[PDB]
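Below: the structure, in structure tokens.
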Amino acid sequence: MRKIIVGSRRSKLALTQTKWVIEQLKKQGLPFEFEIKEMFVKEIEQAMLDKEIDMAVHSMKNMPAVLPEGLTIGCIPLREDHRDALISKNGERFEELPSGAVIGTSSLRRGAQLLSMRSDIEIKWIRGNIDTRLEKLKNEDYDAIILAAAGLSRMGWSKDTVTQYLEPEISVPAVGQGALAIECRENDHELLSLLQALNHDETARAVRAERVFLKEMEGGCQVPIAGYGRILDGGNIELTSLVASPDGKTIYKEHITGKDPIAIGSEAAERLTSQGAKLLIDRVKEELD
Ligand SMILES: *Cc1[nH]c(C)c(CCC(=O)O)c1CC(=O)O
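If you count the sequence shown from 1, you need to add 5 to reach this note's numbering.
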């Protein structure tokens, strides 16, 4: 009887993710209707607090570090590929790219880590969805681009479209990359129970440590900040956390393994802030203004 209203972005990726979640939730056979309402992060959240919509599906790396009171992340499904992906026009791996090669990405996080590995290449802004950026790679003045492996996966691109999957040792992923967030109201106990079966605890634990570090550093998509957690055999969370200068010449990196997501994320931020990472972040945020 109850029709769950799911608010979604207009883009092809967002609607693809939203339909995937709805089809997943339907496998539980519980009596709910689902209906997408095409609707900015503030607009979605206020519409959810206004109860105009009941939930929304976002890429976790696009979630704000701080949710407004009354809203929660109700479900984090099994994580897809977390890695950044290099796609080279002429098929060169990162270490094979010619001197001065132009790599297209508008993410300071991605560009700064690449420049920290090779400062003889250039990072240049690029816009468009996956299909657009891939076509720009064939023409134009880019020697390679960086995309999220999970985005390529969810958009039906073959794994062999990627020239090189970047391991965290070369590029620490954005916090939450490869994960989805289902946002809903904190007191919507009915929806929360429905979302429980889709939640993957191991993914949620790791992402929770990433997000605590992101929150305590006041980070976001515009900040060269990165964090990736995974569950080790025995239950320990391993968190790699990184803050980089835009030019790639300053790298704050912290590796922490432990049991508690909040404790690990908190220590990561504390250790990096004491070295000067927070001062770097504030300078980059100022330079954007
Ligand atoms: C937070 C965020 N969201 C997207 C889609 C991106 C990548 C942008 C790009 O041009 O590569 C980011 C930044 C990030 O750290 O991945």
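By construction, the Cβ of each residue, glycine as well, lies at the ideal position given by its N, Cα and C atoms.
- Counting only the Cα atoms, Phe37 lies some 45 Å from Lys258.
- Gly79 counts as buried, since at least 16 other C-beta atoms from the protein chains shown sit within 10 angstroms of its C-beta.
- Runs of beta strand (DSSP E) with 3 or more residues, each lying fully within the stretch 64–122, are found at 76–80, 89–93, 107–109, listed in chain order.
- Boundaries for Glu291: no beta strand (DSSP E) harbours it, while the alpha helix (DSSP H) harbouring it runs 282–293, taken from the DSSP string.
- In this structure, DSSP gives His260 an extended state, which the three-state scheme calls strand.
- Using a Cβ-Cβ distance cut-off of 8 Å, the stretch 237–252 and the stretch 111–127 are in contact, since at least three pairs of beta carbons, one from each stretch, lie closer than that value.
- Ordered along the chain, residues surrounding ligand 1 are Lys66, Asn67, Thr110, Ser111, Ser112, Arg114, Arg115, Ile151, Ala179, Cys226 [Cβ under 6 Å from any heavy atom].
- Under a 10 Å Cβ-count criterion, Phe218 is classified as buried, with 16 or more other Cβ atoms of the shown protein chains found around its own Cβ.
- In the DSSP assignment, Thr245 falls outside any alpha helix (DSSP H) and within the unbroken beta strand (DSSP E) covering 242–249.
- In this structure, DSSP gives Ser16 a state outside helix and strand, which the three-state scheme calls coil.
- The beta-carbon distance between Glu191 and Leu76, rounded to whole angstroms, is 6 Å. This is short enough to meet the 8 Å contact definition.
- In this structure, the beta-carbon distance from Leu157 to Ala106 does not fall below 8 Å.
- DSSP places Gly181 in no beta strand (DSSP E); its state is neither H nor E.
- The criterion of a C-beta distance shorter than 8 Å is not satisfied by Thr21 and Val11.
- The C-beta distance from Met6 to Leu196 rounds to 14 Å, too long to meet the 8 Å contact threshold.
- Close CB contacts of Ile236 within its chain, under the 7 Å cut and outside five residues either way in sequence, are with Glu207, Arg210, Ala211, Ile242 (chain order).
- Excluding sequence positions up to five before and after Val26, its CB lies within less than 6 Å of the CB of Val62, all in the same chain and listed in chain order.
- In the displayed model, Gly270 falls within a helix according to three-state DSSP.
- Apart from sequence neighbours up to five positions away, no residue of its chain approaches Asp265 with a beta-carbon distance below 7 Å.
- Taking a C-beta distance under 8 Å as the contact criterion, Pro82 and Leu185 qualify as a contact pair.
- With contacts defined as CB atoms closer than 8 Å, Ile92 and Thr168 qualify as a contacting pair.
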